[PDB]
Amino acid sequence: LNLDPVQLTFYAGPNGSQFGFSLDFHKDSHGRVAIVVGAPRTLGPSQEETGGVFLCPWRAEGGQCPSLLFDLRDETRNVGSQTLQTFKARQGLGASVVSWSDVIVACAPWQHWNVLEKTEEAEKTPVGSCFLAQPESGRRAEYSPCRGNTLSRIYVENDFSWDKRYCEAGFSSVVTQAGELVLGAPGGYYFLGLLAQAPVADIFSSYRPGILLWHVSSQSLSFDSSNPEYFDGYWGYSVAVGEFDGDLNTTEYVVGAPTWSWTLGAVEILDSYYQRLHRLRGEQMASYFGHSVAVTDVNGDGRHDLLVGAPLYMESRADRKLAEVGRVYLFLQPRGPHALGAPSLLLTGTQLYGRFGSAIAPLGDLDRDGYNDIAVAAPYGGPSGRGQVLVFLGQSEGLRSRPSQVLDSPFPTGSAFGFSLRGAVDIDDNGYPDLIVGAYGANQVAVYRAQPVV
């Protein structure tokens, strides 16, 4: 409703770096808000794409950002009559970023990994890796839970069970308020998908550089399955956390699996031991239900509510015709221990191929009326097809069915404006929470400041 669309703030990275693919707010030890922006195709040392992370200080005029430097050198360790190898070329560092306390987690989902033992090998595969930085101190650490040292023949002899070679850990990420990092790995267990969790503090204290294969004892991974419904489901394409079982001492995990059960798509709510509590099945095949998930309480009863994006949903129109527009589903958590029910609201896109629902960002309370609100992206929507961000206001019964405000893309065609969203933080310290929108196709981030309601 009250985001200012006139005086925007633009930050920009290098050309072709895909600056703005991911972003998040970051507060330092003194509570000063910055923006952390991932750029997954920034050039490395050998003039090859490796990705990179930028830490932008808040300035109303915007501009360029300093780099949050990570090591981009390939690594080799000859130990235990084996050879460990990490390949950071086209690893995509900055394809997801997330902030917790004064720590930044940047992940490279396509970092490759191989183990050589004479004439055998593990196979060079994208296990993924994440990089952790404490900018104020300079501390650095890595976390790569899917790295193994098992040779390729063993997997064949055991029918490819527990095969974490193509995890792509860091594809999606989130951090519980207690400080547990949860990584989505859609390719784990031969493209079923897995989750990996470990406390940030234990990632830092158990990491030493050059070890390449180290244990993190407090870490916890999900489990393989023989159920065909999970095959090629990409369990972990999107991840989120929330409170869904009534017990406040437990944190629950929300996991998107947009090709679950032969591209039906699904979202599951689990406990921290990855035991399943509820499962939201998709509505239409290939709609990519579960592409994006969001957790926030919209109706103000203190019970977290769930949102799920299906950006390829095809709306039925006259003359038996279908129109890919994208759809968002709202599920309101009921009172006490009961399953989540049918959707309380359906939001369907307007523009053909607009991909409404590609990103869903909680805004906090934007108009300060007592109900939390959200922003939904349609990165190829709008009457010009340049991109649109739609704001929906919370209310006692759920969400309003019509948007209160629409942000049209200030960038040219192909910018993918809205592909990444993040709200619910007040960056200019005016009492109202603000919204940052990424446009990786234009290598830019736009900051929308909320202002008092007119």
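Numbering starts at 1 and runs along the sequence shown.
- Judged by mean Cα B factor in the deposited record, 332-340 ranks above the other of 332-340 and 298-306.
- As listed in the deposited structure, the average C-alpha B-factor of 382-390 and of 45-53 is greater for 45-53.
- Per the deposited coordinates, the residue with the largest Cα temperature factor out of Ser218, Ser358, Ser287, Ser238 is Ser218.
- Ranked against the other modelled residues of its chain, the C-alpha B-factor of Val447 as given in the entry falls in the lowest third.
- Split the chain's modelled residues into thirds by C-alpha temperature factor. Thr259 is in the lowest one.
- Compared with the other modelled residues of the chain, the Cα B-factor recorded for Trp58 ranks in the middle third.
- Sort the modelled residues of the chain by CA B factor and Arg73 lands in the highest third.
- When all modelled residues of the chain are sorted by CA temperature factor, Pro199 is found within the highest third.
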